[PDB]
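Chemist: Structure provided below as C-alpha cells; questions to follow.
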Amino acid sequence: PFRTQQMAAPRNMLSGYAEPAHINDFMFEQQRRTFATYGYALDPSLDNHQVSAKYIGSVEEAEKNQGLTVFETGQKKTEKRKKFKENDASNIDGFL
Amino acid sequence: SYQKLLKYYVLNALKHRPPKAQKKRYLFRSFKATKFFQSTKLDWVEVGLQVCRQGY
Amino acid sequence: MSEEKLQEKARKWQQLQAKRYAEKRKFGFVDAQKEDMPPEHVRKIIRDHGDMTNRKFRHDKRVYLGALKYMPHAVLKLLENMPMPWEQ
Amino acid sequence: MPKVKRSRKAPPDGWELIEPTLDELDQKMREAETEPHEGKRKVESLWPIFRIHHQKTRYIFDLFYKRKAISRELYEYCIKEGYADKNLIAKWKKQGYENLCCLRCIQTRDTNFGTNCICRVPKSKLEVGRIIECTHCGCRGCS
Amino acid sequence: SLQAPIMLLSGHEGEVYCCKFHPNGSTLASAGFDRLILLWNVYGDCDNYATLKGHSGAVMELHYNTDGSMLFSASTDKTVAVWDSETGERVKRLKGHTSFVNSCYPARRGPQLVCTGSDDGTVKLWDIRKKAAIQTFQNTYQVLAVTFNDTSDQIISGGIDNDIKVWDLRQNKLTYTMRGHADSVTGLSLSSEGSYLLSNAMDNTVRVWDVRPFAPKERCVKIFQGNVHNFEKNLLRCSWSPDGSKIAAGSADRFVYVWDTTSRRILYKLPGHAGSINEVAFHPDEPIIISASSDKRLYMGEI
Amino acid sequence: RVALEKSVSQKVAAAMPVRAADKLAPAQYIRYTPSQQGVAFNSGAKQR
Amino acid sequence: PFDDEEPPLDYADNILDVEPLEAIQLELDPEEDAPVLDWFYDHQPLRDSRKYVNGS
Amino acid sequence: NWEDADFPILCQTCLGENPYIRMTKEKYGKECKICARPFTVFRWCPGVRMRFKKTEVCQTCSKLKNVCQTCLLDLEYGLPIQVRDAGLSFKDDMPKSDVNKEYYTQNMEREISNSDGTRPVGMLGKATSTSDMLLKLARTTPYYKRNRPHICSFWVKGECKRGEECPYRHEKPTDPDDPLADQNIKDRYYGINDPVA
Ligand SMILES: [Zn+2]
Ligand SMILES: [Zn+2]
Ligand SMILES: [Zn+2]
Ligand SMILES: [Zn+2]
Ligand SMILES: [Zn+2]
Ligand SMILES: [Zn+2]
C-alpha cells in the first residue's frame with residue numbers, strides 16, 4: 001500500500017508507458033478525422049477488456065450516424081450555405 | 001604576357017589530380033525539398049538587383 | 001443481418017479498400033513535384049521587406065543574417081549566368 | 001509600356017480580340033503588386049497575386065478548352081509569354097483538381113505533416129459550416 | 001533446431017502481410033506491402049539470396065505447392081503471379097479480376113488449379129495452362145479468403161457477409177452456407193488431412209469447421225477466444241500445425257496466438273512485435289514458427 | 001566499436017554542417033498509456 | 001555607374017516598362033549562311049527540336 | 001547542457017480529448033521558461049477549437065517537481081505546486097538567483113542523468129506519504145477551458161477585421177483588478193505567491 005496511482009501503474013517515464021506503434025497511416029488518420037469531425041472513433045487500446053470492439057467518444061452520435069468515417073459518403077445532406085459565384089475569369093474586378 | 005599564360009597552363013597540366021569520385025551532394029535540390037524555398041522564372045537583371053539588395 | 005445493413009457494410013468496405021490501396025499510397029511512390037510560382041510573388045516579398053525596418057517583419061531579421069553565409073554561392077550562380085552580348 | 005514580350009516575332013492570329021482583357025488582367029496585377037500592407041497580415045498581402053494568377057490562367061483555359069476560341073498557336077504563345085500557367089492548366093485537366101487555386105495548396109512538401117491544405121478538403125466532409133481561409137492562398141474550398 | 005531461438009529477420013520496408021514455409025522446410029518466402037517477395041534461409045544464418053519483383057501492388061496472399069516448385073502470389077493490382085521456387089522468373093501472370101485480389105489458393109494433388117477471390121464479388125478458378133478463367137462465381141459481396149478441399153471439388157470462401165460459403169465445381173451452385181460468425185471472415189485454412197478448416201473473423205472468434213461428406217449439420221466444433229481485431233481492418237490469417245496439433249492465428253494486439261487443438265487452450269502468447277500481426281506459420285518438420293507483422297520484421301520462434 | 005563510431009559521427013557532423021543539407025521524414029507512431037485512468041480522460045479509453 | 005548615396009532602382013516599373021535596346025547580332029547572309037540563320041542568336045538555340053538536341 | 005529527450009511528459013487535460021494526436025518535434029526549439037536552457041519542443045493540437053499547446057519546461061525541470069511540461073500542475077492530482085507542497089514538506093529549495101540557479105540546474109541534471117530516468121528524484125519519498133486535503137479538492141474531470149484560444153486583441157479595440165474567421169475568442173477578458181490575474185511563470189513554478197493556489 002506504499003505506492004500511488006502513478007507508482008503502481010506500469011510506467012516507463014514519469015507519466016506512463018510509451019512504446020512505438022506501427023499503425024497503418026490511412027486507418028490512423030481515418031479514426032483521427034472521425035473523432036475530429038463527429039466526436040467518436042474506435043478504440044486503439046490493445047487490451048482494455050479483451051472483448052470485441054467498443055467506440056470511444058460521443059458514442060450516442062456514433063449509432064445515430066451508423067459509425068461512418070470522413071472518407072465515406074455521408075447520411076445527412078441538407079442546409080447548405082449559400083455563396084456568390086463568378087466562375088468565368090472574364091470580368092475584371094468581379095471574379096471570385 | 002604570353003610566357004606567363006603558358007606558365008599558368010603548364011601549372012594546370014602538371015598538378016592535375018584525377019576527379020576523385022565522391023558522393024554527389026546537390027545543395028539546391030536539398031534547399032528546394034524543404035518548405036522554405038520556392039522556384040520561379042525571372043529576368044536576370046531582376047535577380048541581380050535582388051541579390052545586390054539582399055547582400056546590402 | 002438485413003439486406004440494407006449488408007449492402008451498407010459492402011459500401012463501407014469497398015470505399016475503405018479503394019482509398020486505402022490507391023495508386024498514390026504505394027510504398028516507393030515519389031509524390032508530386034514542386035512547381036513554378038508566379039514571378040510577382042518574390043517581387044512583392046522582396047518589395048515589402050524593404051530594408052527590414054518595419055516592426056511587422058521583425059521575425060525575419062534573424063533569417064537574413066542566417067542567409068549571409070550563402071551569399072558567395074548565390075553570387076557565383078548569378079554571375080555564372082551573365083547574358084551574353086547577343087542577348088537582350 | 002507593354003508586357004515587353006520576349007519573342008520579337010509577331011503574335012498569332014486571334015491575338016487582337018483577347019488583348020484588351022489580358023492587358024486589363026495585367027493592369028490588375030500591377031495594382032496588386034503595389035498595394036501597401038497596412039491592415040493586411042503578413043500572409044494576407046500575397047493573396048491577390050495567387051488570385052489574379054488564377055484568373056489569368058483560367059481566362060486562357062476557358063477560351064481554348066470550353067469556348068474553343070483560340071488556336072494552338074495563340075494558346076502556346078500566351079503560355080510562353082507568361083499569361084497562363086502551364087502547370088496550373090495541367091492540374092485543371094485532372095479529375096478532381098478542377099478549381100485548384102495554387103500549386104502550393106496541393107504541395108505536400110510545404111506542410112508539416114506531409115499533406116495537402118484544408119483548402120482541398122471537400123466542404124461536405126467538414127460537416128459544420130466552419131469558415132476557412134487557406135494561409136497560402138486565401139482560398140475557401142477548391143474542391 | 002537451427003541457430004539460436006529468436007532469429008529476428010528484417011529487410012522489409014512496409015507491412016508484411018504473408019509468409020510461408022517451404023514444403024521441405026529449408027527456405028522461406030515473405031511478402032507484404034513492399035511490392036517485393038523475399039526468399040530467405042531457415043537454417044545457417046537466415047540470409048537473403050533471392051528478391052522477386054514483378055508487381056504494381058501489395059502482395060496480399062502467398063502460397064506454395066506441395067512440391068516446393070511453384071510460387072503463387074496474389075497481389076493488389078488485380079493479378080496473380082506464378083513463379084518457380086528456384087531461379088526467380090515470372091513464369092505465368094494471370095489477369096482476370098476487375099478489383100483487388102484478396103486471396104488465392106492452389107488445389108493440391110490434382111491438376112494445377114488456383115482459386116481466387118476479389119472485391120468485385122467474384123470467386124474465380126484458374127488453370128495455369130489456359131491463360132483464361134475457368135469458372136466464375138459472383139457471390140454478390142466482397143470476398144476476403146478462399147481455399148480448396150483436398151479433393152479439388154469445392155471452393156471454401158469467406159467474405160464480408162458473415163457466412164462461409166462452399167461452392168461445388170460440378171454443380172456450379174451454392175452448396176453450403178456456414179453461419180456462426182457475427183462479423184467479416186478474414187482468413188481460412190484447410191488442414192493437412194482435409195477434415196477441419198480454421199477461420200478467423202472480425203467478431204474476434206476463431207472457429208473450427210469440419211468439412212466431411214457426412215455432417216452433424218451444425219458444424220460449430222471448436223471456438224477460440226482471445227484473438228483481437230481492431231480499427232485497422234487487416235486481413236488476418238490462420239494456420240495449422242503439420243500434425244494438426246497446434247493452431248496459430250494472427251492478432252491485432254501484437255501477441256502471437258497458438259492454441260492446442262484438443263483442449264482449446266492457449267499454448268503460446270509470444271510477444272515481441274511492435275505492430276499488429278498478420279500471419280503466423282509453422283515449419284513443416286520441426287516446431288519452428290515464422291511470425292509476420294506490420295512492424296516490418298519477422299520472428300523465428302523455436303519451440 | 002559500434003558504440004564509439006556513433007559518437008564519432010555526431011562529433012564529425014560539425015566539421016561539415018551543410019554539404020548536402022539534411023533530410024527528415026521518418027514519421028513514426030508511438031502507443032502511450034496515460035497512467036491516469038479512471039476514465040473521463042481520453043474520452044473513455046486506456047491508451048492513445 | 002550609380003552614385004553612392006543613390007538607392008538602387010526598383011526593377012518593376014523602371015525595367016518592365018522599358019524596351020530592351022537591340023543587341024549586337026551580326027547580320028547573316030540569307031543565302032550563304034542559310035542553315036544557321038534561323039537560330040543562331042537565340043539563348044539555347046536548337047533546344048526545343050528533337051532532331052538536333054535532346055529535350056530540355 | 002541541452003535536454004533532447006523523446007516524447008514529453010504530459011497530463012490528460014492538455015494532451016487532448018482525442019485519443020489520436022499528431023504532434024511535431026523540434027529538436028532544440030525554445031529555451032525553458034525556468035531553466036533557460038534549450039529543450040525539445042513538442043507542439044500538438046488537443047481538439048477542434050483548441051490553441052496548439054506546446055511544452056514550456058524541460059524534461060528535467062518536470063522531473064524535479066513532478067509536473068506537466070505545459071500546465072505546470074502535478075501529474076497525479078492536477079493541482080498547483082504550492083498546494084501540493086502545502087500538503088507536503090518544502091525541502092527542495094530550488095535557487096532563484098542567477099548563478100545559483102544555473103549551478104543547481106547543472107548539478108541536478110548530472111544527478112538525473114546519473115540515474116534511471118523514471119522517478120521524481122527528490123519528491124519520491126515524500127510522494128509516498130499523501131492523501132491530505134489535496135485529494136478532497138483534486139479535479140475529477142478535465143478542465144478543457146485551459147486549451148482555449150486567447151482573446152482577440154483586435155476585437156478589444158472593436159476592429160477585428162477577420163470577424164467570423166478569426167480563430168481567437170470574441171469574449172471578455174478578465175478585469176485586471178483581480179488577484180487571479182497576474183500569475184507569473186516562475187511564481188507558478190516555484191510555489192511562491194500563486195493566487196490560484
Ligand atoms: Zn489551399
Ligand atoms: Zn490556393
Ligand atoms: Zn483552394
Ligand atoms: Zn527546464
Ligand atoms: Zn498540462
Ligand atoms: Zn478576432
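Ordering of the C-alpha cells sets the chain letters (A, B, ...); residue numbers start at 1 within each chain; ligands are numbered from 1 in the order shown.
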Find the spatial neighbours of residue H:56, counting only C-alpha atoms, within a cut-off of 9 Å - ignore same-chain residues fewer than 2 positions away - and output them as a VMD selection string.

Modeler: chain H and resid 30 to 34 41 54 58 69 to 72

Chemist: Please identify every polymer residue within 9 Å of ligand 5, using only C-alpha atoms and all ligand atoms, and present the set as an NGL selection string.

Modeler: :H and (9-15 or 53 or 55 or 67-75 or 78)

Chemist: Could you list, as a list in words, all protein and nucleic acid residues with an atom at most 9 Å from ligand 3, counting only C-alpha atoms and all ligand atoms?

Modeler: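 Written in the requested form, the residues are residues 99, 100, 101, 102, 105, 106, 117, 118, 119, 120, 133, 134, 136, 137, 138, 139, 140, 141, 142 and 143 of chain D.
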
Chemist: For chain H against chain A, which residues fall within 12 Å using only C-alpha atoms, given as a ChimeraX atom specification?

Modeler: /H:5-12,15-22,45-50,59-60,62-69,74-77,116-121,123-131

Chemist: Export, as a short mmCIF file (atom, residue, chain, number, x, y, z; two decimals), in the first residue's frame, the selected residues with N, CA and C atoms.

Modeler:
```cif
data_model
loop_
_atom_site.label_atom_id
_atom_site.label_comp_id
_atom_site.auth_asym_id
_atom_site.auth_seq_id
_atom_site.Cartn_x
_atom_site.Cartn_y
_atom_site.Cartn_z
N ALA H 5 15.20 14.81 -25.09
CA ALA H 5 14.55 13.53 -24.84
C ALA H 5 13.23 13.43 -25.59
N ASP H 6 12.96 12.24 -26.12
CA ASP H 6 11.76 11.97 -26.91
C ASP H 6 10.51 11.99 -26.02
N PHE H 7 9.37 12.34 -26.64
CA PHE H 7 8.02 12.18 -26.12
C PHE H 7 7.73 12.82 -24.77
N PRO H 8 7.19 14.04 -24.74
CA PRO H 8 7.13 14.82 -23.50
C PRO H 8 6.30 14.19 -22.39
N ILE H 9 6.36 14.83 -21.24
CA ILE H 9 5.75 14.34 -20.01
C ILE H 9 4.52 15.20 -19.78
N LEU H 10 3.36 14.68 -20.11
CA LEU H 10 2.14 15.47 -20.18
C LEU H 10 1.03 14.85 -19.35
N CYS H 11 0.10 15.72 -18.95
CA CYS H 11 -1.13 15.37 -18.26
C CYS H 11 -2.18 14.93 -19.26
N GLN H 12 -3.43 14.85 -18.83
CA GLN H 12 -4.51 14.48 -19.74
C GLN H 12 -5.44 15.62 -20.11
N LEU H 15 -3.19 17.02 -23.15
CA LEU H 15 -2.91 16.09 -24.24
C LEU H 15 -4.14 15.86 -25.10
N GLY H 16 -5.32 16.25 -24.64
CA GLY H 16 -6.47 16.39 -25.50
C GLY H 16 -7.54 15.36 -25.22
N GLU H 17 -8.72 15.62 -25.78
CA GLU H 17 -9.86 14.72 -25.68
C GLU H 17 -9.94 13.75 -26.85
N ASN H 18 -9.03 13.84 -27.80
CA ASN H 18 -8.96 12.89 -28.88
C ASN H 18 -7.87 11.89 -28.56
N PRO H 19 -8.12 10.58 -28.68
CA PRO H 19 -7.03 9.61 -28.49
C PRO H 19 -6.05 9.53 -29.65
N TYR H 20 -6.27 10.29 -30.71
CA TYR H 20 -5.39 10.29 -31.87
C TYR H 20 -4.78 11.68 -31.99
N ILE H 21 -3.48 11.78 -31.72
CA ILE H 21 -2.78 13.06 -31.68
C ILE H 21 -1.70 13.06 -32.75
N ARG H 22 -1.57 14.17 -33.47
CA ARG H 22 -0.44 14.43 -34.34
C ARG H 22 0.38 15.55 -33.74
N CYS H 45 -2.15 19.67 -31.22
CA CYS H 45 -3.46 20.30 -31.07
C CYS H 45 -4.37 19.33 -30.35
N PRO H 46 -4.93 19.70 -29.20
CA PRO H 46 -5.78 18.78 -28.43
C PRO H 46 -7.04 18.33 -29.15
N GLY H 47 -7.85 19.28 -29.59
CA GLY H 47 -9.12 19.01 -30.21
C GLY H 47 -9.36 19.86 -31.44
N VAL H 48 -10.57 20.41 -31.53
CA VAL H 48 -11.01 21.10 -32.73
C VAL H 48 -10.91 22.62 -32.58
N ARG H 49 -11.40 23.17 -31.48
CA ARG H 49 -11.40 24.61 -31.26
C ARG H 49 -10.33 25.01 -30.25
N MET H 50 -9.23 24.26 -30.23
CA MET H 50 -8.16 24.46 -29.27
C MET H 50 -7.07 25.39 -29.80
N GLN H 59 12.27 18.46 -19.71
CA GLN H 59 12.02 17.18 -19.05
C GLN H 59 12.58 17.19 -17.64
N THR H 60 13.80 17.71 -17.48
CA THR H 60 14.48 17.81 -16.20
C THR H 60 13.74 18.67 -15.19
N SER H 62 10.65 19.20 -15.11
CA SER H 62 9.44 18.49 -14.71
C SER H 62 9.76 17.26 -13.87
N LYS H 63 10.96 16.69 -14.01
CA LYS H 63 11.35 15.57 -13.17
C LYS H 63 11.68 16.03 -11.76
N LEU H 64 12.23 17.25 -11.64
CA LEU H 64 12.45 17.85 -10.33
C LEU H 64 11.17 17.98 -9.52
N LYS H 65 10.10 18.43 -10.16
CA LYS H 65 8.95 18.88 -9.40
C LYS H 65 7.67 18.12 -9.75
N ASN H 66 7.79 17.00 -10.47
CA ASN H 66 6.73 16.06 -10.85
C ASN H 66 5.53 16.75 -11.50
N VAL H 67 5.75 17.52 -12.56
CA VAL H 67 4.68 18.32 -13.16
C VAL H 67 4.59 18.03 -14.65
N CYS H 68 3.50 18.50 -15.23
CA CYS H 68 3.34 18.50 -16.68
C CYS H 68 4.14 19.64 -17.28
N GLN H 69 4.63 19.42 -18.50
CA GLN H 69 5.51 20.42 -19.10
C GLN H 69 4.78 21.59 -19.62
N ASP H 74 0.57 19.12 -11.01
CA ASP H 74 1.00 17.77 -10.65
C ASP H 74 0.40 16.72 -11.56
N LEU H 75 1.24 15.81 -12.03
CA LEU H 75 0.84 14.73 -12.92
C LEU H 75 -0.20 13.82 -12.29
N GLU H 76 -0.13 13.62 -10.98
CA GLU H 76 -1.07 12.75 -10.30
C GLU H 76 -2.37 13.46 -9.92
N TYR H 77 -2.30 14.69 -9.43
CA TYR H 77 -3.51 15.29 -8.88
C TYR H 77 -4.07 16.39 -9.78
N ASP H 116 18.12 6.39 -13.16
CA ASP H 116 17.30 5.59 -14.06
C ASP H 116 16.57 6.44 -15.10
N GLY H 117 15.79 7.43 -14.67
CA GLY H 117 15.01 8.23 -15.60
C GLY H 117 13.52 7.97 -15.48
N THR H 118 13.08 7.61 -14.27
CA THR H 118 11.69 7.21 -14.07
C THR H 118 11.03 7.88 -12.86
N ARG H 119 11.78 8.31 -11.85
CA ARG H 119 11.21 8.76 -10.59
C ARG H 119 11.41 10.25 -10.38
N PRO H 120 10.50 10.90 -9.63
CA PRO H 120 10.71 12.30 -9.26
C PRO H 120 11.78 12.43 -8.19
N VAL H 121 13.04 12.55 -8.62
CA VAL H 121 14.28 12.27 -7.88
C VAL H 121 14.31 12.67 -6.41
N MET H 123 11.20 14.09 -4.96
CA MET H 123 9.82 14.17 -4.48
C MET H 123 9.25 12.79 -4.18
N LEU H 124 10.04 11.73 -4.40
CA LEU H 124 9.52 10.36 -4.35
C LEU H 124 9.12 9.90 -2.95
N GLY H 125 10.06 10.01 -1.99
CA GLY H 125 9.80 9.53 -0.64
C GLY H 125 8.71 10.31 0.06
N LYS H 126 8.69 11.62 -0.13
CA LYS H 126 7.58 12.44 0.34
C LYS H 126 6.32 12.25 -0.50
N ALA H 127 6.45 11.72 -1.72
CA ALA H 127 5.28 11.46 -2.55
C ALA H 127 4.62 10.14 -2.16
N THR H 128 5.32 9.31 -1.39
CA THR H 128 4.67 8.16 -0.78
C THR H 128 3.59 8.60 0.21
N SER H 129 3.96 9.41 1.20
CA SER H 129 3.01 9.94 2.17
C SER H 129 2.16 11.04 1.56
N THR H 130 0.88 10.74 1.29
CA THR H 130 -0.03 11.64 0.57
C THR H 130 -1.45 11.50 1.07
N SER H 131 -2.41 11.94 0.24
CA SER H 131 -3.85 11.95 0.52
C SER H 131 -4.19 12.86 1.70
#
```

Chemist: Step by step, measure atom-to-atom distances between ligand 6 and each residue using only C-alpha atoms and all ligand atoms, keep those at most 12 Å, then write them as a list in words.

Modeler: residues 149, 150, 151, 152, 153, 154, 155, 156, 157, 158, 159, 160, 161, 162, 163, 164, 165, 166, 167, 168, 169, 170 and 171 of chain H

Chemist: Please, could you write that set of residues out with N, CA, C and O atoms as a PDB file, in the first residue's frame?

Modeler:
```
ATOM      1  N   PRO H 149      -8.247  29.287 -27.237  1.00  0.00           N
ATOM      2  CA  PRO H 149      -7.550  30.427 -27.846  1.00  0.00           C
ATOM      3  C   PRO H 149      -7.818  31.770 -27.194  1.00  0.00           C
ATOM      4  O   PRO H 149      -8.954  32.084 -26.831  1.00  0.00           O
ATOM      5  N   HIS H 150      -6.751  32.546 -27.025  1.00  0.00           N
ATOM      6  CA  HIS H 150      -6.737  33.827 -26.332  1.00  0.00           C
ATOM      7  C   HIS H 150      -7.699  34.856 -26.904  1.00  0.00           C
ATOM      8  O   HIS H 150      -8.183  34.707 -28.027  1.00  0.00           O
ATOM      9  N   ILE H 151      -7.988  35.892 -26.125  1.00  0.00           N
ATOM     10  CA  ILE H 151      -8.910  36.955 -26.504  1.00  0.00           C
ATOM     11  C   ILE H 151      -8.316  37.732 -27.669  1.00  0.00           C
ATOM     12  O   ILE H 151      -7.144  38.124 -27.628  1.00  0.00           O
ATOM     13  N   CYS H 152      -9.117  37.941 -28.713  1.00  0.00           N
ATOM     14  CA  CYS H 152      -8.678  38.680 -29.891  1.00  0.00           C
ATOM     15  C   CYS H 152      -8.475  40.141 -29.527  1.00  0.00           C
ATOM     16  O   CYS H 152      -9.441  40.869 -29.286  1.00  0.00           O
ATOM     17  N   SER H 153      -7.216  40.576 -29.482  1.00  0.00           N
ATOM     18  CA  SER H 153      -6.904  41.941 -29.082  1.00  0.00           C
ATOM     19  C   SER H 153      -7.322  42.980 -30.114  1.00  0.00           C
ATOM     20  O   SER H 153      -7.319  44.171 -29.797  1.00  0.00           O
ATOM     21  N   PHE H 154      -7.671  42.568 -31.330  1.00  0.00           N
ATOM     22  CA  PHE H 154      -8.278  43.475 -32.290  1.00  0.00           C
ATOM     23  C   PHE H 154      -9.767  43.646 -32.052  1.00  0.00           C
ATOM     24  O   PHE H 154     -10.326  44.690 -32.402  1.00  0.00           O
ATOM     25  N   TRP H 155     -10.409  42.646 -31.466  1.00  0.00           N
ATOM     26  CA  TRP H 155     -11.802  42.717 -31.061  1.00  0.00           C
ATOM     27  C   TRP H 155     -11.984  43.522 -29.786  1.00  0.00           C
ATOM     28  O   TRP H 155     -13.095  43.984 -29.511  1.00  0.00           O
ATOM     29  N   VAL H 156     -10.912  43.706 -29.014  1.00  0.00           N
ATOM     30  CA  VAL H 156     -10.949  44.569 -27.842  1.00  0.00           C
ATOM     31  C   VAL H 156     -10.984  46.037 -28.247  1.00  0.00           C
ATOM     32  O   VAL H 156     -11.670  46.839 -27.603  1.00  0.00           O
ATOM     33  N   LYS H 157     -10.328  46.401 -29.347  1.00  0.00           N
ATOM     34  CA  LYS H 157     -10.422  47.745 -29.898  1.00  0.00           C
ATOM     35  C   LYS H 157     -11.596  47.888 -30.863  1.00  0.00           C
ATOM     36  O   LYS H 157     -11.742  48.930 -31.510  1.00  0.00           O
ATOM     37  N   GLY H 158     -12.454  46.867 -30.938  1.00  0.00           N
ATOM     38  CA  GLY H 158     -13.598  46.830 -31.832  1.00  0.00           C
ATOM     39  C   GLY H 158     -13.230  46.932 -33.297  1.00  0.00           C
ATOM     40  O   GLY H 158     -13.950  47.546 -34.089  1.00  0.00           O
ATOM     41  N   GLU H 159     -12.101  46.328 -33.669  1.00  0.00           N
ATOM     42  CA  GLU H 159     -11.551  46.465 -35.012  1.00  0.00           C
ATOM     43  C   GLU H 159     -11.084  45.126 -35.565  1.00  0.00           C
ATOM     44  O   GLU H 159     -10.128  45.076 -36.344  1.00  0.00           O
ATOM     45  N   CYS H 160     -11.730  44.031 -35.170  1.00  0.00           N
ATOM     46  CA  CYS H 160     -11.363  42.713 -35.673  1.00  0.00           C
ATOM     47  C   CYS H 160     -11.879  42.569 -37.096  1.00  0.00           C
ATOM     48  O   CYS H 160     -13.048  42.234 -37.307  1.00  0.00           O
ATOM     49  N   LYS H 161     -11.007  42.797 -38.070  1.00  0.00           N
ATOM     50  CA  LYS H 161     -11.385  42.733 -39.472  1.00  0.00           C
ATOM     51  C   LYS H 161     -11.394  41.319 -40.027  1.00  0.00           C
ATOM     52  O   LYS H 161     -11.610  41.147 -41.228  1.00  0.00           O
ATOM     53  N   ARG H 162     -11.154  40.310 -39.196  1.00  0.00           N
ATOM     54  CA  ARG H 162     -11.350  38.932 -39.616  1.00  0.00           C
ATOM     55  C   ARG H 162     -12.762  38.462 -39.320  1.00  0.00           C
ATOM     56  O   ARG H 162     -13.301  37.637 -40.064  1.00  0.00           O
ATOM     57  N   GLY H 163     -13.368  38.996 -38.261  1.00  0.00           N
ATOM     58  CA  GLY H 163     -14.768  38.733 -37.973  1.00  0.00           C
ATOM     59  C   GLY H 163     -15.008  37.296 -37.573  1.00  0.00           C
ATOM     60  O   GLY H 163     -14.530  36.813 -36.543  1.00  0.00           O
ATOM     61  N   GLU H 164     -15.745  36.603 -38.423  1.00  0.00           N
ATOM     62  CA  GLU H 164     -16.168  35.231 -38.212  1.00  0.00           C
ATOM     63  C   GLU H 164     -15.055  34.227 -38.457  1.00  0.00           C
ATOM     64  O   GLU H 164     -15.209  33.053 -38.108  1.00  0.00           O
ATOM     65  N   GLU H 165     -13.952  34.663 -39.054  1.00  0.00           N
ATOM     66  CA  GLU H 165     -12.873  33.790 -39.481  1.00  0.00           C
ATOM     67  C   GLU H 165     -11.741  33.757 -38.467  1.00  0.00           C
ATOM     68  O   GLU H 165     -10.934  32.822 -38.487  1.00  0.00           O
ATOM     69  N   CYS H 166     -11.703  34.730 -37.557  1.00  0.00           N
ATOM     70  CA  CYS H 166     -10.631  34.837 -36.582  1.00  0.00           C
ATOM     71  C   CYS H 166     -10.665  33.648 -35.628  1.00  0.00           C
ATOM     72  O   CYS H 166     -11.723  33.348 -35.061  1.00  0.00           O
ATOM     73  N   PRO H 167      -9.550  32.940 -35.443  1.00  0.00           N
ATOM     74  CA  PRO H 167      -9.539  31.792 -34.537  1.00  0.00           C
ATOM     75  C   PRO H 167      -9.355  32.153 -33.079  1.00  0.00           C
ATOM     76  O   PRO H 167      -9.218  31.241 -32.255  1.00  0.00           O
ATOM     77  N   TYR H 168      -9.345  33.434 -32.741  1.00  0.00           N
ATOM     78  CA  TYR H 168      -9.235  33.880 -31.364  1.00  0.00           C
ATOM     79  C   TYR H 168     -10.620  34.223 -30.829  1.00  0.00           C
ATOM     80  O   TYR H 168     -11.513  34.607 -31.585  1.00  0.00           O
ATOM     81  N   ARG H 169     -10.802  34.041 -29.523  1.00  0.00           N
ATOM     82  CA  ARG H 169     -12.113  34.225 -28.909  1.00  0.00           C
ATOM     83  C   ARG H 169     -12.563  35.676 -28.932  1.00  0.00           C
ATOM     84  O   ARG H 169     -11.777  36.590 -28.674  1.00  0.00           O
ATOM     85  N   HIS H 170     -13.841  35.878 -29.234  1.00  0.00           N
ATOM     86  CA  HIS H 170     -14.508  37.168 -29.092  1.00  0.00           C
ATOM     87  C   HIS H 170     -15.361  37.101 -27.830  1.00  0.00           C
ATOM     88  O   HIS H 170     -16.577  36.916 -27.886  1.00  0.00           O
ATOM     89  N   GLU H 171     -14.710  37.257 -26.682  1.00  0.00           N
ATOM     90  CA  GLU H 171     -15.410  37.316 -25.409  1.00  0.00           C
ATOM     91  C   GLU H 171     -14.553  38.117 -24.438  1.00  0.00           C
ATOM     92  O   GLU H 171     -13.419  38.470 -24.766  1.00  0.00           O
TER      93      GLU H 171
END
```

Chemist: Restrict the distance test to only C-alpha atoms, flag each residue of chain E within 10 Å of chain C, and return the flagged residues as number ranges by chain.

Modeler: E: 13-15, 33-35, 56-58, 76-77, 99-100, 119-121, 140-142, 160-162, 182, 184, 233

Chemist: With only C-alpha atoms considered, list every residue of chain C at most 10 Å from chain D, as an NGL selection string.

Modeler: :C and (31-45 or 47-48 or 56-57 or 88)

Chemist: Near chain H, meaning an atom within 12 Å, which residues of chain F appear when counting only C-alpha atoms? Write them as a list in words.

Modeler: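 Filtering chain F at 12 Å from chain H with only C-alpha atoms gives residues 24, 25, 26, 27, 28, 29, 30, 31, 32, 33, 34, 35, 36, 37, 38, 39, 40, 41, 42, 43, 44, 45, 46, 47 and 48 of chain F.
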
Chemist: Write out as a PyMOL selection string every residue belonging to chain E that has an atom at most 10 Å from any atom of chain A, counting only C-alpha atoms.

Modeler: chain E and resi 14-15+202-205+225-234+252-255+273-276+293-296

Chemist: Please produce a file of the residues just selected, as a compact mmCIF listing (two decimals), in the first residue's frame, where the atoms kept are C-alpha atoms.

Modeler:
```txt
# COMPACT_ATOMS: atom_id res chain seq x y z
CA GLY E 14 6.43 -1.75 -45.21
CA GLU E 15 3.79 -4.04 -43.70
CA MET E 202 -13.73 -9.77 -37.29
CA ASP E 203 -16.06 -10.76 -34.43
CA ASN E 204 -12.92 -11.98 -32.58
CA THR E 205 -13.89 -15.66 -32.58
CA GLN E 225 -11.31 -16.57 -27.92
CA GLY E 226 -8.60 -14.03 -27.15
CA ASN E 227 -7.90 -13.01 -30.77
CA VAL E 228 -8.27 -9.23 -31.19
CA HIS E 229 -9.43 -7.35 -34.30
CA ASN E 230 -9.50 -3.55 -34.33
CA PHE E 231 -9.92 -0.40 -36.42
CA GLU E 232 -7.05 -1.33 -38.76
CA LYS E 233 -9.32 -3.83 -40.62
CA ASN E 234 -6.39 -6.04 -41.61
CA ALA E 252 -4.10 -7.09 -33.88
CA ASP E 253 -2.93 -6.74 -30.25
CA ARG E 254 0.70 -7.72 -31.09
CA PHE E 255 0.51 -11.15 -29.38
CA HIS E 273 6.13 -7.34 -32.16
CA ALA E 274 5.67 -3.58 -32.06
CA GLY E 275 2.98 -3.68 -34.73
CA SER E 276 -0.13 -5.77 -35.28
CA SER E 293 3.55 -8.44 -38.53
CA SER E 294 3.15 -4.82 -39.58
CA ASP E 295 6.36 -3.79 -37.76
CA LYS E 296 8.29 -4.79 -40.94
```

Chemist: For chain G, which residues have at least one atom within 7 Å of chain C, if we go by only C-alpha atoms? Write them as a PyMOL selection string, please.

Modeler: chain G and resi 20+22-25+41+43

Chemist: Could you check how far atom CA of residue E:288 sits from atom CA of residue E:302, in Å to one decimal?

Modeler: 4.7 Å

Chemist: Compute the set of chain A residues within 10 Å of chain D, using only C-alpha atoms, and express it as a ChimeraX atom specification.

Modeler: /A:33,36-38,69-74,76-77,79-81,87-93,95-96

Chemist: Which residues are near residue E:198? Cut-off 10 Å, only C-alpha atoms, ignore same chain within fewer than 3 positions. Put them as a list in words.

Modeler: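 Contacts, in chain order: residues 187, 188, 189, 190, 191, 206, 207, 208, 209, 210, 222, 237, 238, 239, 240, 247, 248 and 249 of chain E.
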